[PDB]
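Visitor: Next comes data-v8.cif, mmCIF, C-alpha atoms; chains and numbers go by the auth columns:
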data_run
#
loop_
_atom_site.group_PDB
_atom_site.id
_atom_site.type_symbol
_atom_site.label_atom_id
_atom_site.label_comp_id
_atom_site.label_asym_id
_atom_site.label_seq_id
_atom_site.Cartn_x
_atom_site.Cartn_y
_atom_site.Cartn_z
_atom_site.B_iso_or_equiv
_atom_site.auth_seq_id
_atom_site.auth_asym_id
ATOM 1 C CA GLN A 1 -0.658 3.526 13.715 0.00 405 Z
ATOM 2 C CA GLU A 2 -1.649 2.072 10.325 0.00 406 Z
ATOM 3 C CA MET A 3 -1.151 -1.230 8.513 0.00 407 Z
ATOM 4 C CA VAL A 4 -0.685 -1.532 4.785 0.00 408 Z
ATOM 5 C CA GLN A 5 -0.028 -4.356 2.362 0.00 409 Z
ATOM 6 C CA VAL A 6 2.223 -3.647 -0.630 0.00 410 Z
ATOM 7 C CA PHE A 7 2.504 -6.143 -3.442 0.00 411 Z
ATOM 8 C CA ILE A 8 5.879 -6.262 -5.093 0.00 412 Z
ATOM 9 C CA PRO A 9 7.164 -8.320 -8.016 0.00 413 Z
ATOM 10 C CA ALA A 10 8.192 -11.678 -6.602 0.00 414 Z
ATOM 11 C CA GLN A 11 11.663 -11.465 -8.104 0.00 415 Z
ATOM 12 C CA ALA A 12 12.359 -8.359 -6.031 0.00 416 Z
ATOM 13 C CA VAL A 13 12.099 -10.015 -2.624 0.00 417 Z
ATOM 14 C CA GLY A 14 15.828 -10.620 -2.600 0.00 418 Z
ATOM 15 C CA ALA A 15 16.568 -6.982 -3.315 0.00 419 Z
ATOM 16 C CA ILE A 16 14.167 -5.811 -0.656 0.00 420 Z
ATOM 17 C CA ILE A 17 15.514 -8.115 2.079 0.00 421 Z
ATOM 18 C CA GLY A 18 19.226 -7.852 1.326 0.00 422 Z
ATOM 19 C CA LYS A 19 22.271 -10.084 1.888 0.00 423 Z
ATOM 20 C CA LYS A 20 21.673 -11.556 5.352 0.00 424 Z
ATOM 21 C CA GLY A 21 18.663 -9.282 5.746 0.00 425 Z
ATOM 22 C CA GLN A 22 20.892 -6.211 5.645 0.00 426 Z
ATOM 23 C CA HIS A 23 18.542 -4.074 3.516 0.00 427 Z
ATOM 24 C CA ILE A 24 15.170 -4.709 5.115 0.00 428 Z
ATOM 25 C CA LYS A 25 16.621 -4.118 8.598 0.00 429 Z
ATOM 26 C CA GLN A 26 18.162 -1.001 7.055 0.00 430 Z
ATOM 27 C CA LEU A 27 14.838 0.021 5.656 0.00 431 Z
ATOM 28 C CA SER A 28 12.868 -0.313 8.899 0.00 432 Z
ATOM 29 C CA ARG A 29 15.692 1.420 10.722 0.00 433 Z
ATOM 30 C CA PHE A 30 15.273 4.264 8.271 0.00 434 Z
ATOM 31 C CA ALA A 31 11.472 4.253 8.467 0.00 435 Z
ATOM 32 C CA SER A 32 10.886 3.104 12.034 0.00 436 Z
ATOM 33 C CA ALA A 33 8.328 0.533 10.857 0.00 437 Z
ATOM 34 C CA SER A 34 7.501 -3.147 11.227 0.00 438 Z
ATOM 35 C CA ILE A 35 8.250 -4.556 7.833 0.00 439 Z
ATOM 36 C CA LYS A 36 7.493 -8.240 7.439 0.00 440 Z
ATOM 37 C CA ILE A 37 7.433 -10.084 4.135 0.00 441 Z
ATOM 38 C CA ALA A 38 4.709 -12.747 4.026 0.00 442 Z
ATOM 39 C CA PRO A 39 5.406 -16.219 2.575 0.00 443 Z
ATOM 40 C CA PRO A 40 3.434 -16.927 -0.627 0.00 444 Z
ATOM 41 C CA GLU A 41 -0.044 -18.459 -0.260 0.00 445 Z
ATOM 42 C CA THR A 42 0.811 -20.228 -3.513 0.00 446 Z
ATOM 43 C CA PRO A 43 3.923 -21.855 -4.995 0.00 447 Z
ATOM 44 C CA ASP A 44 4.437 -19.827 -8.155 0.00 448 Z
ATOM 45 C CA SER A 45 3.077 -16.429 -6.990 0.00 449 Z
ATOM 46 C CA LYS A 46 3.540 -13.404 -9.273 0.00 450 Z
ATOM 47 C CA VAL A 47 3.831 -10.895 -6.456 0.00 451 Z
ATOM 48 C CA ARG A 48 4.835 -11.133 -2.818 0.00 452 Z
ATOM 49 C CA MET A 49 3.136 -9.124 -0.110 0.00 453 Z
ATOM 50 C CA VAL A 50 5.073 -6.689 2.043 0.00 454 Z
ATOM 51 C CA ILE A 51 3.288 -5.832 5.279 0.00 455 Z
ATOM 52 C CA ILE A 52 4.119 -2.458 6.760 0.00 456 Z
ATOM 53 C CA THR A 53 3.013 -1.291 10.178 0.00 457 Z
ATOM 54 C CA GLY A 54 3.426 2.129 11.669 0.00 458 Z
ATOM 55 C CA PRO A 55 2.080 5.674 11.750 0.00 459 Z
ATOM 56 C CA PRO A 56 1.807 7.800 8.550 0.00 460 Z
ATOM 57 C CA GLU A 57 5.341 9.228 8.836 0.00 461 Z
ATOM 58 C CA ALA A 58 6.676 5.658 8.866 0.00 462 Z
ATOM 59 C CA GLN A 59 4.347 4.509 6.144 0.00 463 Z
ATOM 60 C CA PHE A 60 5.574 7.295 3.902 0.00 464 Z
ATOM 61 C CA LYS A 61 9.274 6.538 4.413 0.00 465 Z
ATOM 62 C CA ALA A 62 8.934 2.766 4.187 0.00 466 Z
ATOM 63 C CA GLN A 63 6.682 2.819 1.145 0.00 467 Z
ATOM 64 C CA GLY A 64 8.920 5.385 -0.547 0.00 468 Z
ATOM 65 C CA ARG A 65 11.957 3.243 -0.006 0.00 469 Z
ATOM 66 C CA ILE A 66 10.162 0.241 -1.500 0.00 470 Z
ATOM 67 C CA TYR A 67 9.001 2.035 -4.639 0.00 471 Z
ATOM 68 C CA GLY A 68 12.478 3.533 -4.818 0.00 472 Z
ATOM 69 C CA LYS A 69 14.467 0.382 -4.375 0.00 473 Z
ATOM 70 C CA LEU A 70 12.430 -1.141 -7.229 0.00 474 Z
ATOM 71 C CA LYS A 71 13.446 1.760 -9.471 0.00 475 Z
ATOM 72 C CA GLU A 72 17.100 1.361 -8.511 0.00 476 Z
ATOM 73 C CA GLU A 73 17.165 -2.399 -9.127 0.00 477 Z
ATOM 74 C CA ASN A 74 15.709 -1.709 -12.569 0.00 478 Z
ATOM 75 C CA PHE A 75 12.593 -3.821 -12.248 0.00 479 Z
ATOM 76 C CA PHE A 76 10.961 -0.929 -13.962 0.00 480 Z
ATOM 77 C CA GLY A 77 12.697 1.383 -16.317 0.00 481 Z
ATOM 78 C CA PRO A 78 14.010 3.365 -17.388 0.00 482 Z
ATOM 79 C CA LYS A 79 11.432 6.032 -18.269 0.00 483 Z
ATOM 80 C CA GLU A 80 8.837 4.066 -16.387 0.00 484 Z
ATOM 81 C CA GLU A 81 7.063 4.857 -13.158 0.00 485 Z
ATOM 82 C CA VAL A 82 6.923 2.172 -10.521 0.00 486 Z
ATOM 83 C CA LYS A 83 3.221 1.407 -10.026 0.00 487 Z
ATOM 84 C CA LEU A 84 2.362 -0.919 -7.164 0.00 488 Z
ATOM 85 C CA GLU A 85 -0.791 -2.418 -5.739 0.00 489 Z
ATOM 86 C CA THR A 86 -1.496 -1.647 -2.130 0.00 490 Z
ATOM 87 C CA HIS A 87 -4.283 -2.896 0.179 0.00 491 Z
ATOM 88 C CA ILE A 88 -5.567 -1.217 3.287 0.00 492 Z
ATOM 89 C CA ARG A 89 -8.223 -2.841 5.487 0.00 493 Z
ATOM 90 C CA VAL A 90 -11.055 -0.562 6.562 0.00 494 Z
ATOM 91 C CA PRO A 91 -14.100 -0.757 8.873 0.00 495 Z
ATOM 92 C CA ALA A 92 -16.804 -2.534 6.887 0.00 496 Z
ATOM 93 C CA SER A 93 -19.124 0.093 8.314 0.00 497 Z
ATOM 94 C CA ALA A 94 -17.044 2.926 6.813 0.00 498 Z
ATOM 95 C CA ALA A 95 -16.338 1.496 3.350 0.00 499 Z
ATOM 96 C CA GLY A 96 -19.609 2.885 1.995 0.00 500 Z
ATOM 97 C CA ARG A 97 -18.483 6.385 2.880 0.00 501 Z
ATOM 98 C CA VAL A 98 -15.320 5.762 0.867 0.00 502 Z
ATOM 99 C CA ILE A 99 -17.360 4.899 -2.204 0.00 503 Z
ATOM 100 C CA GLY A 100 -19.782 7.695 -1.441 0.00 504 Z
ATOM 101 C CA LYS A 101 -23.382 8.090 -2.601 0.00 505 Z
ATOM 102 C CA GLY A 102 -23.322 7.225 -6.317 0.00 506 Z
ATOM 103 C CA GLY A 103 -19.645 6.308 -6.154 0.00 507 Z
ATOM 104 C CA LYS A 104 -18.962 10.002 -6.361 0.00 508 Z
ATOM 105 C CA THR A 105 -16.469 10.007 -3.507 0.00 509 Z
ATOM 106 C CA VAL A 106 -14.167 7.284 -4.799 0.00 510 Z
ATOM 107 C CA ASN A 107 -14.591 8.932 -8.194 0.00 511 Z
ATOM 108 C CA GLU A 108 -13.162 12.162 -6.914 0.00 512 Z
ATOM 109 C CA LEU A 109 -10.337 10.409 -5.106 0.00 513 Z
ATOM 110 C CA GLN A 110 -9.157 8.978 -8.389 0.00 514 Z
ATOM 111 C CA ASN A 111 -9.572 12.326 -10.127 0.00 515 Z
ATOM 112 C CA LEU A 112 -7.554 14.177 -7.464 0.00 516 Z
ATOM 113 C CA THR A 113 -4.757 11.671 -6.910 0.00 517 Z
ATOM 114 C CA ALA A 114 -4.604 9.774 -10.248 0.00 518 Z
ATOM 115 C CA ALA A 115 -4.481 6.498 -8.284 0.00 519 Z
ATOM 116 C CA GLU A 116 -6.884 3.722 -9.254 0.00 520 Z
ATOM 117 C CA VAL A 117 -9.060 3.190 -6.210 0.00 521 Z
ATOM 118 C CA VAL A 118 -11.345 0.218 -5.961 0.00 522 Z
ATOM 119 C CA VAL A 119 -13.566 -1.024 -3.237 0.00 523 Z
ATOM 120 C CA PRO A 120 -14.390 -4.549 -4.395 0.00 524 Z
ATOM 121 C CA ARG A 121 -18.145 -4.639 -3.981 0.00 525 Z
ATOM 122 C CA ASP A 122 -19.844 -6.959 -1.471 0.00 526 Z
ATOM 123 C CA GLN A 123 -16.792 -8.562 0.113 0.00 527 Z
ATOM 124 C CA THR A 124 -16.861 -10.646 3.244 0.00 528 Z
ATOM 125 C CA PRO A 125 -15.385 -8.738 6.240 0.00 529 Z
ATOM 126 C CA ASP A 126 -12.474 -10.375 8.071 0.00 530 Z
ATOM 127 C CA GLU A 127 -12.238 -11.170 11.785 0.00 531 Z
ATOM 128 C CA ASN A 128 -12.051 -7.453 12.650 0.00 532 Z
ATOM 129 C CA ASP A 129 -15.024 -6.631 10.448 0.00 533 Z
ATOM 130 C CA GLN A 130 -12.883 -4.949 7.796 0.00 534 Z
ATOM 131 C CA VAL A 131 -12.881 -5.016 4.027 0.00 535 Z
ATOM 132 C CA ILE A 132 -10.088 -3.903 1.703 0.00 536 Z
ATOM 133 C CA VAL A 133 -9.586 -0.902 -0.450 0.00 537 Z
ATOM 134 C CA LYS A 134 -7.248 -1.535 -3.386 0.00 538 Z
ATOM 135 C CA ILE A 135 -4.920 1.256 -4.529 0.00 539 Z
ATOM 136 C CA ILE A 136 -2.800 1.094 -7.688 0.00 540 Z
ATOM 137 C CA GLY A 137 -0.622 4.085 -8.465 0.00 541 Z
ATOM 138 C CA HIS A 138 2.826 5.553 -8.607 0.00 542 Z
ATOM 139 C CA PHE A 139 4.256 6.454 -5.192 0.00 543 Z
ATOM 140 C CA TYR A 140 3.015 9.976 -4.652 0.00 544 Z
ATOM 141 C CA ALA A 141 -0.471 9.090 -5.976 0.00 545 Z
ATOM 142 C CA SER A 142 -0.985 6.076 -3.722 0.00 546 Z
ATOM 143 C CA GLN A 143 0.142 8.058 -0.644 0.00 547 Z
ATOM 144 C CA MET A 144 -2.179 10.913 -1.458 0.00 548 Z
ATOM 145 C CA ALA A 145 -5.061 8.419 -1.853 0.00 549 Z
ATOM 146 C CA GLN A 146 -4.141 6.792 1.439 0.00 550 Z
ATOM 147 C CA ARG A 147 -4.062 10.042 3.459 0.00 551 Z
ATOM 148 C CA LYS A 148 -7.419 11.037 1.997 0.00 552 Z
ATOM 149 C CA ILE A 149 -9.070 7.682 2.707 0.00 553 Z
ATOM 150 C CA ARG A 150 -7.818 7.847 6.287 0.00 554 Z
ATOM 151 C CA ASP A 151 -9.404 11.321 6.322 0.00 555 Z
ATOM 152 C CA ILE A 152 -12.768 9.966 5.279 0.00 556 Z
ATOM 153 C CA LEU A 153 -12.384 7.219 7.886 0.00 557 Z
ATOM 154 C CA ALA A 154 -11.765 9.707 10.692 0.00 558 Z
ATOM 155 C CA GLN A 155 -14.997 11.514 9.799 0.00 559 Z
ATOM 156 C CA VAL A 156 -17.178 8.375 9.951 0.00 560 Z
ATOM 157 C CA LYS A 157 -16.071 8.082 13.579 0.00 561 Z
ATOM 158 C CA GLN A 158 -18.510 10.935 14.240 0.00 562 Z
#
Transcribe the structure of this file into structure tokens.
Guide:
Amino acid sequence: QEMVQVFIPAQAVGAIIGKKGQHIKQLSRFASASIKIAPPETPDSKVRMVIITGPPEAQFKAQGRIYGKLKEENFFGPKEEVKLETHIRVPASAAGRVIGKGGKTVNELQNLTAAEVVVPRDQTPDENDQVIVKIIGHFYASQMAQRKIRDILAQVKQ
């Protein structure tokens, strides 16, 4: 049961919601996921944040449909991969294991998946004592990086 934040080009909100919400309802139906779009913290925001809640199966479908819908609506193209920024919140206790001794873990993640993976250093944990990992990649890359991070996280629970 994960939660993920996906930043999409602001001009794509319409496409992602649909006429009278048709598409977003259609997209959660298809993914079985909570899919809320946050209002902008700021008037002229560049991106808008999609918040997606559900288990990995649902994350995969929902995220895939978002990347995919952006391709369709030609916000990227045509010989251009959709790259999106994605945040996941993680136990502030565990985030050091994600970087690894000498940043060798996060290094390998990027090598394996080709996603940029950043743990902004020294952040200030939220209410639930979590910090963010940033992931920028094409679809398959960001999912692979996610799965692996969640792997790492599971281990720390030992």
Visitor: Within 10 Å of (-0.5, -9.5, -0.5), all atoms listed in the file: residues as a list in words?
Guide: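 The requested residues, written out, are residues 408, 409, 410, 411, 412, 441, 442, 443, 444, 445, 451, 452, 453, 454, 455, 489, 490 and 491 of chain Z.
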Visitor: To one decimal place in Å, what is the distance between CA of residue 426 in chain Z and CA of residue 466 in chain Z?
Guide: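 These two atoms are separated by 15.0 Å.
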Visitor: Taking into account only C-alpha atoms, which residue in the set Z:419, Z:548, Z:437, Z:539 is nearest to residue 522 in chain Z?
Guide: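 Answer, going by the shortest atom-to-atom distance: Z:539.
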Visitor: Distance CA of residue 463 in chain Z-CA of residue 433 in chain Z, one decimal place?
Guide: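 Answer for the CA of residue 463 in chain Z to CA of residue 433 in chain Z separation: 12.6 Å.
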Visitor: Point out the residue among Z:559, Z:497, Z:449, Z:436 with the least atom-to-atom distance to residue 405 in chain Z, counting all atoms listed in the file.
Guide: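 For residue 405 in chain Z, the nearest of the candidates is Z:436.
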Visitor: To test your reading of the syntax: which residues would the PyMOL selection byres ((chain Z and resi 534) around 7) return for the file shown? Reply as a VMD selection string.
Guide: chain Z and resid 493 to 496 529 to 530 532 to 533 535 to 536
Visitor: Give me a file of those residues, with C-alpha atoms, as an mmCIF file, in the frame of the given file.
Guide:
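Generated output (again.cif):
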data_model
loop_
_atom_site.group_PDB
_atom_site.id
_atom_site.type_symbol
_atom_site.label_atom_id
_atom_site.label_comp_id
_atom_site.auth_asym_id
_atom_site.auth_seq_id
_atom_site.Cartn_x
_atom_site.Cartn_y
_atom_site.Cartn_z
ATOM 1 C CA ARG Z 493 -8.223 -2.841 5.487
ATOM 2 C CA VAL Z 494 -11.055 -0.562 6.562
ATOM 3 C CA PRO Z 495 -14.100 -0.757 8.873
ATOM 4 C CA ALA Z 496 -16.804 -2.534 6.887
ATOM 5 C CA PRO Z 529 -15.385 -8.738 6.240
ATOM 6 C CA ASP Z 530 -12.474 -10.375 8.071
ATOM 7 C CA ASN Z 532 -12.051 -7.453 12.650
ATOM 8 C CA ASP Z 533 -15.024 -6.631 10.448
ATOM 9 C CA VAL Z 535 -12.881 -5.016 4.027
ATOM 10 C CA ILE Z 536 -10.088 -3.903 1.703
#
Visitor: Looking at Z:461, Z:557, Z:473, Z:542, which one is nearest to residue 503 in chain Z, with distances taken over all atoms listed in the file?
Guide: Z:557
Visitor: Check which residues satisfy the PyMOL selection byres ((chain Z and resi 475) around 12) in the file shown, then give them as a PyMOL selection string.
Guide: chain Z and resi 412-413+416+419-420+468-474+476-488+542-543
Visitor: Provide the CA of residue 407 in chain Z to CA of residue 458 in chain Z distance in Å, to one decimal place.
Guide: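 CA of residue 458 in chain Z lies 6.5 Å from CA of residue 407 in chain Z.
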Visitor: Which one of Z:422, Z:507, Z:459, Z:541 sits closest to residue 525 in chain Z if you count only C-alpha atoms?
Guide: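 With only C-alpha atoms as the atom set, the closest residue is Z:507.
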Visitor: Please identify all polymer residues within 9 Å of residue 513 in chain Z, counting all atoms listed in the file, omitting same-chain residues fewer than 4 positions from it, and present them as a list in words.
Guide: residues 508, 509, 517, 518, 519, 520, 521, 548, 549, 552 and 553 of chain Z
Visitor: Could you check the closest approach to residue 555 in chain Z for each of Z:456, Z:431, Z:498, Z:439 and tell me which residue wins, using only C-alpha atoms?
Guide: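 That would be Z:498, the residue with the smallest distance to residue 555 in chain Z.
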Visitor: Between Z:523, Z:432, Z:546, Z:438, single out the one closest to residue 511 in chain Z, counting all atoms listed in the file.
Guide: Z:523
Visitor: Report as AutoDock Vina command-line options the centre and the edge lengths, in Å to one decimal, of the axis-aligned box holding every listed atom of range 547-559 of chain Z, padded by 8 Å on each side.
Guide:
--center_x -7.4 --center_y 9.2 --center_z 4.4 --size_x 31.1 --size_y 20.7 --size_z 28.5
